[PDB]
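# A structural walkthrough
What follows is the residue order along each chain.
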Amino acid sequence: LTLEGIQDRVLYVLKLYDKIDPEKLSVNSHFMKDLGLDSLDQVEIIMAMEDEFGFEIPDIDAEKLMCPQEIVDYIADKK
Amino acid sequence: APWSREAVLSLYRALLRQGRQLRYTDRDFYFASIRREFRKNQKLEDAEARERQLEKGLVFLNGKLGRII
Amino acid sequence: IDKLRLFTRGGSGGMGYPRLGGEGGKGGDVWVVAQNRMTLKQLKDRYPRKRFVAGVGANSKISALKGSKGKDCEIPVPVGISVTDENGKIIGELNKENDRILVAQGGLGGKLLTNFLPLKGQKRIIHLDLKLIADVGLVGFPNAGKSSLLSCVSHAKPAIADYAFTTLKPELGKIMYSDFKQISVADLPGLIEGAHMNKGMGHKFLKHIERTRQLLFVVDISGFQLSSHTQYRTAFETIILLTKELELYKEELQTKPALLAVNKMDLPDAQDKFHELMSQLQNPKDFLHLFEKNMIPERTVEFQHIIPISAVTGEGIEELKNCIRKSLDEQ
Amino acid sequence: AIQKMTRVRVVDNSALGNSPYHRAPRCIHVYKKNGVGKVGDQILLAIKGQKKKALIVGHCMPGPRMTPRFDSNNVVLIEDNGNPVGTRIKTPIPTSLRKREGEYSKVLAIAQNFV
Amino acid sequence: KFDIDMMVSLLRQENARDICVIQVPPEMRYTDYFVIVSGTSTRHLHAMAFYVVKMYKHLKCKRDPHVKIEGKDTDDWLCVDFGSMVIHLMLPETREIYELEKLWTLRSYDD
């Protein structure tokens, strides 16, 4: 699969979230700092990313992503 | 406050797996109810109260007092 | 087509009979609401089975509980309603839809060994007058084409309507007011031909058509030789005869918001002066003479206006028809 | 055997049931054909001086030979609509209590356990 | 027959606004399943209850006992038990004020 397609799917999943405001959906988009998301909100974003481009993400690796670039790199590396 | 912080995330992940494993019930309503049971409870809870709620969540993950459908 | 007289029953009180607590229901009110022709879409105008009643109160006895409340009754009409009571006069005076008139009677209780009074449910004598079958009764002439005239002047197809009467239901036609709304008019029962043109589909039906409070005199606005009748009864002569009969029938009705329908206007054009002839017949005293100051052969000079049918031109014929429909619904 | 003027130890999560007062709650009248109030009927209840209907669930007097019995007069409140005003009953309740034909389901789930 | 799948099909055909089902185990001797139904309005909930009861009756189970619409007097609160299961129809606000599904899921963890 294309890594650019993975990044595009991650961006589409981030923009599809209704709790998140599409203001800074950059590669280093932090949850608690760039978006202001709690640990429950971080887990919700991780589930929402695993819902479309995912369903194989480990809980240990998804607990410390904190950036769309890290999530895109993890998705490219897992696939 | 809680028994552990990463244990709360593990419980949330197991709850998400169970809600994705839902069969007949409104799994979106199940996810919203789980969020309401987590967001409205795990904000500023005290240590003993968070311990009791963690025991309740562990029992719910066990699910011995009922199986959802 | 006739006038209806009904008895309205409201809420009734409850009972007991507990040592603790008390009575039950109360007495509801009688509401009258007028609705559009969509109320006549459901067949509830041939309903009459000696009126309708409302709910009663409750008691409860286990263990010391009081009762329920009463119930109010609303009486709907298919197309328009004029509401009067047993006082010999009407309080509400309208026939347009969404108009409500209420009569209140209640305040109920219960008998004697905890908290006291004797009674039963309440009632009132209501009188519903629809001002003809739908809005007005159309009596034509022996040139009448009122059905085709109404079909040509309105984009809405006419339907079958009914009224709360002891006789047959006359046919009704929809007219367009060019204001995102539509009004209704009524013709002779059964096959519409016009009451003056030797047809009412019955003698009792002719009496029902002639009993209408608001009458519309349809006549040929075209020339007598160009009228769609053989032999035509002349526009001036038949118009004068029908208008004289309508005015002499009641001077108050002549002074009321009654109009004469300008028909056979599908042959006429904008330059045919059909609207000019209608204006000259409406503004005058229904004769050759236009205005009379003191010596007037009629009961009243300068009478009401005329209604347009099979509309043409653009000099406000649709606006005039809408104003005529509004005046007819004003009653 | 909830007869006239019987005091009842109501088991419910209702605040008025939980409300202490000058006296504990006592019934006034019951919905029985005889003058004998058994478990599974509507009875009166004084909550802070307020009349209210309730259902007596679990008694102390000897009933059927195979049935169980508590040591008091346990009851759960009902609304004017008939619904349970309270939330839950801590004491377990007998399973045969629903077998009386009538309003049973609304209390059949709200209590903590089943006796 | 009228199984849990039939109940789900009836809820979907009746367009249940909120459905919450739980499979009751043999730990409690009350039923086999617990259903929570939140509908549009009291008339809508009553109509849904009547449709479900008519379907369960006229479908099958002639030998089974009849089920009455309980909470027919209470506008918000209603229930009907099945031959093996039980449904309760209330508002979602009424369901939350009951907090019944978590209460049905917490045998000893409420107050």
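Residues numbered from 1 in each chain as written, not as in the entry; some residues may be left out. Chains lettered and ligands numbered in written order. Part of a larger assembly, values for the part shown. Heavy atoms only, no water. Residues with missing side-chain atoms left out of burial classes, pairs and counts.

Looking at the method and resolution fields of the entry, one finds cryo-EM and 5.7 Å.

Quick reminder of the rule: UniProt positions are given in the numbering used here, feature names are shortened, and annotations may be inferred rather than shown by experiment.
Per the PDB header, the title for this entry is "Cryo-EM structure of late human 39S mitoribosome assembly intermediates, state 1". Under the UniProt heading Function, the note attached to chain D is "Forms part of 2 intersubunit bridges in the assembled ribosome. Upon binding to MALSU1 intersubunit bridge formation is blocked, preventing ribosome formation and repressing translation (Probable)." The record in UniProt for chain D states the following under Subcellular location: "Mitochondrion".

Here is the UniProt Subcellular location comment for chain A, exactly as written: "Mitochondrion". The UniProt entry for chain A carries this comment under Sequence similarities: "Belongs to the acyl carrier protein (ACP) family."

### Remarks on the overall build of chain A
The condition that has to hold: The helix count covers DSSP runs of H or I at least four residues long, the strand count covers runs of E at least two residues long, and both are numbered beginning at the N terminus. Both definitions apply: the radius of gyration is a C-alpha atom measure, and the globule rule equals 2.2 Å times residues to the power 0.38.
Scanning chain A for helices and strands turns up 4 helices and 0 strands. Its C-alpha radius of gyration of 11 Å places chain A within 12% of the 12 Å reference for a compact globule of 79 residues. Seen through its C-alpha atoms, chain A measures out along the principal axes to roughly 30 × 25 × 20 Å.

### Quick word on the sheet that holds strand β4 (residues 82-84) of chain C
The strands making up a sheet are joined through hydrogen bonds of the backbone, oriented either antiparallel or parallel. Residues and elements named next belong to chain C. Where we set the bar: The pairing criterion for strands is at least two bridges between them, as found by DSSP. For helices, the fitted axis covers only the stretch in contact; all axes are lines through C-alpha atoms, and the angles between them, taken along N-to-C directions, range from 0 to 180 degrees.
Here 3 strands make up an open sheet; going across it, the order is β1-β6-β4 and the pairing antiparallel. In the strand order of this sheet, the two ends are held by β1 (4-9) and β4, each with one partner. With strand direction ignored, the average angle separating the axes of adjacent strands in the sheet is 35 degrees. Strand direction decides the pairing type here: β4 and strand β6 (residues 123-129), joined by 3 bridges, are antiparallel. Looking at the pairing, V83 lines up with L128 of β6.

### Re the arrangement of the chains
As a reminder, the rule being used: Only heavy atoms matter for contacts: two residues are in contact if any of them lie within 4.5 Å across the pair.
Looking across the 3 pairs of chains in contact, one finds the most contacts between chains B and E. A gap remains between chain B and chain C, which never touch, and the nearest two C-alpha atoms on either side lie 37 Å apart.

### Section: unusual backbone geometry
Along the chain, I62 of chain C connects to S63 of chain C via a cis peptide bond; the corresponding omega equals -5 degrees. Here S63 of chain C shows up in the loop between β2 (30-33) and β3 (73-76). With an omega of 0 degrees, the peptide bond running from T230 of chain C to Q231 of chain C counts as cis. Relative to the helices and strands, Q231 of chain C resides in the loop between β11 (219-220) and α3 (235-249). Here the phi dihedral of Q331 of chain C falls at roughly 55 degrees; this positive angle occurs in a residue that is not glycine. Structurally, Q331 of chain C can be placed in the segment after α6 (317-330). Unlike most non-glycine residues, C61 of chain E shows phi in positive territory, near 60 degrees.

### Brief notes about the pairing of strand β1 (residues 18-23) of chain E
Pairing between strand β1 (residues 67-68) of chain B and β1 of chain E: 2 bridges, direction antiparallel. Counted as the bridge partner of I68 of chain B is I22 of chain E from β1 of chain E.

### Observations regarding the sheet that holds β3 of chain C
Residue and element names in this part refer to chain C. With mixed pairing, 3 strands are arranged side by side in an open sheet as β3-β2-β5. This sheet does not close on itself; its edge strands, each paired only once, are β3 and β5 (100-103). The average undirected angle you get between the axes of adjacent strands in this sheet is 20 degrees.

### A closer look at the interface of chain B and chain E
Definition in use: Charged residues are taken to be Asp, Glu, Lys and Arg, nonpolar residues to be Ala, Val, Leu, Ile, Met, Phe, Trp, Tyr, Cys and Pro, and polar residues to be all remaining types, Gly included.
Each side of the interface is counted separately: chain B has 7 residues, and chain E has 9 residues. Here the residues of the side of chain B that touches chain E are counted per class, giving 4 nonpolar, 1 polar and 2 charged.

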